[PDB]
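Take a look at this single chain in structure tokens; it is the form deposited in one PDB entry.
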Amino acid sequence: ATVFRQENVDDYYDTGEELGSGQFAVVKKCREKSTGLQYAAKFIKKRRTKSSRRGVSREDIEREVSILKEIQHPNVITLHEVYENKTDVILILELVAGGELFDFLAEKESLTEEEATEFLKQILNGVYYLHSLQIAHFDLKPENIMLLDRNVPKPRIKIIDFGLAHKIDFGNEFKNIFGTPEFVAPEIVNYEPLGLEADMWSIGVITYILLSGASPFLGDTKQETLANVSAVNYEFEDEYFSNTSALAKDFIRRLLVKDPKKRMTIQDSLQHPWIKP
């Protein structure tokens, strides 16, 4: 998939407001001239020279593009097209316009656990699909859980940002993953082999924040946060978890496990009685 479209994107699309700014990536909304349809345009700066640390290596760009090219599931973002100029690879992606799931839930007046599980189940449906493809996201956190559109009765969740996604064909991959300290699994912290299990840890962190609004492993410095992850230093603070069901804590307890091989699997969690009683 090395040679992308080499036309001027401005010839086929108009681009407007910024939607996100990753490092080495900016996302602008855009409208395809030929169809009227709107999309997100992710501009990934190529490093262009192996010595340059301003940009993303081609290998990383090709990895995200071929993982996106493979997936097609209602709970996962769709890739429409890819362009490449002399500075950027441009990913034309499905426009996800409902904002962050947590933003949306922040505006709810109330949230039972029951309501919370119907949004969480969507996340699990999309991860299940990814893992059935032996694809690990590695960057699962609230910023990458979007709503297609909030103004729908029950909105639909979209998993985004496949910049760390990997096909795990050997049962582990061995490389350093630089994710978000609060959500990466202990094995990412300790530069050990990584698998689908790491996403399961991240899911356990999300569920925690989702039910308490507190971050389980968050410390006063980046290294303390990492030390908390690796030590599995978290507690169900009664200040945040007094009215939280036991079945919910058992769910969380089985995902926040340092030994990945003992961590609950995606299909186990879909069968967990907190998810389907």
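Note that the rigid core is defined as the largest set of C-alphas that superpose within 1.5 Å between two forms. Shifts are known only where both forms have a C-alpha. Each residue number is its position in the shown sequence, starting from 1.
In the other compared entries of this protein that model both flanking residues, residue 94 has coordinates in every one, well short of a third left out. The records show that residue 109 is omitted from the coordinate set of at least a third of the other eligible entries of this protein. When the C-alpha B-factors of 108-116 and 162-170 are averaged, 108-116 comes out higher.
Between the stretches 22-30 and 60-68, it is 22-30 that shows the larger average CA temperature factor. Residue-level temperature factors show residue 15 in the highest third of its chain, judged at the C-alpha atom. In the deposited entry, the Cα temperature factor of residue 131 places it in the lowest third of its chain's modelled residues. In the PDB entry, residue 83 places in the middle third of its chain by CA B-factor.
Ranked against the other modelled residues of its chain, the C-alpha B-factor of residue 153 as given in the entry falls in the highest third. Ranked by Cα temperature factor within the chain, residue 39 sits in the lowest third according to the deposited record.
The following text describes the form solved in complex with a small molecule, which does not appear among the structures shown.
For the three marked residues, 130, 203 and 264, no heavy atom of any sits within 4.5 Å of the small molecule in the deposited bound form. Of the candidates 184, 146, 89, 123, 146 is the one whose heavy atoms come within 4.5 Å of the small molecule in the deposited bound form; the others do not. A heavy atom within 4.5 Å of the small molecule in the deposited bound form is found for one listed residue only; from 177, 105, 96, 135, this is 96.
Remark: residue 25 counts among the residues lining the small molecule in the deposited bound form, judged by a heavy atom distance of 4.5 Å or less.
Although the partner is absent here, residue 77 sits close enough that one of its heavy atoms falls within 4.5 Å of the small molecule in the deposited bound form. Taking the partner from elsewhere, residue 160 is found to have a heavy atom lying within 4.5 Å of the small molecule in the deposited bound form. Although the partner is absent here, residue 19 sits close enough that one of its heavy atoms falls within 4.5 Å of the small molecule in the deposited bound form. Heavy atoms within 4.5 Å of the small molecule in the deposited bound form map, among the stretches 111-119, 138-146, 166-174, 195-203, onto 138-146 alone.
Displacement of the C-alpha atoms by 2 Å or more across three or more consecutive residues between the shown form and the other one, following core superposition, is confined to the runs 101-108, 110-112, 150-155.
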